[PDB]
Amino acid sequence: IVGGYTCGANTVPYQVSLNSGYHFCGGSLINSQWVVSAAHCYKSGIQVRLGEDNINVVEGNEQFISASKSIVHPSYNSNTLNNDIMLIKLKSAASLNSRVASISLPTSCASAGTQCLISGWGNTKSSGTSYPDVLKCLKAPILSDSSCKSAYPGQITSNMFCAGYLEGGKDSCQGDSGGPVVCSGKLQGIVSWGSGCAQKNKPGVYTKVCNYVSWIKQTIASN
Ligand SMILES: N=C(N)c1ccc(/C=N/OCC(=O)O)cc1
Ligand SMILES: [Ca+2]
Numbered sequence: 019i020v021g022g023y024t025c026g027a028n029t030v031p032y033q034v035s036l037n038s039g040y041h042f043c044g045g046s047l048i049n050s051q052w053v054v055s056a057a058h059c060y061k062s063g064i065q066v067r068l069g070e071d072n073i074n075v076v077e078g079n080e081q082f083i084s085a086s087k088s089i090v091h092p093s094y095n096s097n098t099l100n101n102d103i104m105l106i107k108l109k110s111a112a113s114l115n116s117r118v119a120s121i122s123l124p125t126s127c128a129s130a131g132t133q134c135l136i137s138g139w140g141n142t143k144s145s146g147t148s149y150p151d152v153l154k155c156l157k158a159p160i161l162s163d164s165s166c167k168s169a170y171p172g173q174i175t176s177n178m179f180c181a182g183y184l185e186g187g188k189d190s191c192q193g194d195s196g197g198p199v200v201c202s203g204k205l206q207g208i209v210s211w212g213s214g215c216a217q218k219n220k221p222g223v224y225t226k227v228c229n230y231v232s233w234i235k236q237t238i239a240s241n
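Taking PDB author numbering, the leading residue of the sequence shown gets 19, the next gets one more, and so forth.
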């Protein structure tokens with residue numbers, strides 16, 4: 019997260035870290051057994067880490083649970099990043115408490131102009147690299163579809179939306195991939211792509227979760 023703020027320990031209790039010997043992506047806990055992340059975060063041997071603040075120090079509230087299965091969206095296209103969504107099933111149910119909690123799926127899509135909360139342990143610089151210890155947060159508005167399409171001509175599908183600041187300076191970034199965009203208490207987006215981070219006229223592009231609720235529900239009802 020570039021140009022954000024320190025969230026505060028466990029204030030984003032649905033935020034997870036995906037670990038494969040190191041943190042590599044975020045995700046969102048949607049019930050005791052399932053995490054939503056980006057399909058571009060797919061790899062074998064994922065351990066889901068819940069209740070994290072400092073990802074490099076065991077602070078006492080963590081639950082580390084191995085993934086039993088990963089299900090990439092059937093229409094995910096890694097070239098265009100269309101349908102950039104994946105479900106990860108935990109080997110055992112997380113124990114839900116104040117510091118580890120699920121986030122609601124949307125019943126309707128979010129509105130342009132709505133301020134959303136984006137979070138992660140990704141790069142905090144727009145040029146150069148610096149990775150934070152503790153979870154970072156950014157409040158960012160959903161942009162109009164026409165401004166989103168103008169920013170990325172020929173690349174924005176109906177399964178994507180833009181959020182952020184056209185002036186630059188505030189954005190998600192590498193390492194935030196797969197993490198939450200929560201608007202009005204609903205998981206509305208997944209950190210997906212963008213040209214660099216926090217670049218002028220290049221806002222963040224996010225998987226449009228409201229389009230996938232049917233697939234999510236049917237998948238978790240059968241796996
Ligand atoms: N909002 C952005 N500008 C943005 C967000 C996410 C990415 C994804 N990078 O994938 C590589 C990785 O995370 O390791 C790029 C740009
Ligand atoms: Ca920790």
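Note that beta-carbon positions come from the ideal geometry of N, C-alpha and C, so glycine has one too.
Proximity below 8 Å, CB of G138 to CB of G212: It is not a contact, given that the beta carbons lie outside the stated cut-off.
task: Find out if the Cβ-Cβ distance for the pair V118, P31 is shorter than 8 Å.
output: A contact, by the Cβ cut-off of 8 Å.
Where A239 sits in the DSSP three-state scheme: Collapsing the DSSP output to three states places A239 in coil.
- prompt: Does the pairing of the stretch 228 to 241 with the stretch 162 to 170 give three or more beta-carbon distances under 8 Å?
  reply: By the Cβ rule, the stretch 228 to 241 does not count as touching the stretch 162 to 170, because fewer than three pairs are nearer than 8 Å.
task: Drop a sphere of 10 angstroms on the beta-carbon of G196, count the other beta-carbons inside from all chains shown, and report buried for 16 or more, exposed for fewer.
output: Around the beta carbon of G196, a 10 Å sphere encloses 16 or more other beta carbons of the protein chains shown; the residue is thus reported as buried.
- prompt: Excluding sequence positions up to five away, which residues of its chain have a Cβ less than 7 Å from the Cβ of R67?
  reply: Sequence-distant Cβ neighbours of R67 in its own chain, meaning closer than 7 Å and more than five residues away, are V34, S35, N37, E80, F82.
- request: Pull up the distance between the alpha-carbon of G78 and that of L47, whole angstroms please.
  value: The straight-line gap from Cα to Cα measures roughly 19 Å.
message: Pop quiz: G193 and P221 are said to be a contact at Cβ under 8 Å. What is the actual Cβ separation, rounded to whole angstroms?
response: The pair is not a contact, with the Cβ atoms about 18 Å apart (cut-off 8 Å).
task: Report the partner residues of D189 according to the DSSP bridge assignment.
output: BP columns for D189 point to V20.
Per-residue burial, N101 [other beta carbons within 10 Å of its own, 16 or more giving buried]: Buried, by the Cβ-count rule.
- prompt: From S162 to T142, what distance separates their C-alpha atoms?
  reply: Cα-Cα distance, rounded: 25 Å.
- prompt: At a cut-off of 7 Å, is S190 close to ligand 1 when judged by its beta-carbon and the heavy atoms of the ligand?
  reply: Answer for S190: yes, Cβ within range of ligand 1.
- request: Please check the pair residue 242 and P92, which I expect to be a contact at CB under 8 Å, by giving their CB distance rounded to whole angstroms.
  value: Outside the shown range of the chain (19 to 241) lies residue 242, about which nothing can therefore be said.
- prompt: What are the residues that DSSP puts in a beta bridge with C134?
  reply: In the DSSP output, where bridge partners are listed per residue, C134 has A158.
message: Here's the rule: buried if 16 or more other CB atoms are within 10 angstroms of the residue's CB, otherwise exposed. What is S176?
response: Of the residues assessed, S176 falls on the exposed side of the cut-off, its CB having fewer than 16 other CB atoms within 10 angstroms.
task: Can you grab the Cα-Cα spacing for the pair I103 / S126, in whole Å?
output: Distance between the alpha carbons of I103 and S126 is about 18 Å.
query: For the stretch 173 to 234, which segments carrying the beta strand (DSSP E) assignment without a break, of at least 3 residues, lie completely within its bounds, in sequence order?
result: Within the stretch 173 to 234, the complete beta strand (DSSP E) runs of at least 3 residues are 178 to 181, 198 to 201, 204 to 211, 222 to 226.
field: Assumed close pair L205, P150 - CB separation to whole angstroms, cut-off 8 Å
entry: Between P150 and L205 the Cβ distance is about 22 Å, and since that is not below 8 Å, they are no contact.
- request: Report buried or exposed for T147, applying the criterion of at least 16 other Cβ atoms within 10 angstroms of its Cβ.
  value: Burial check for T147: the Cβ neighbour count within 10 Å stays below 16, so the residue is exposed.
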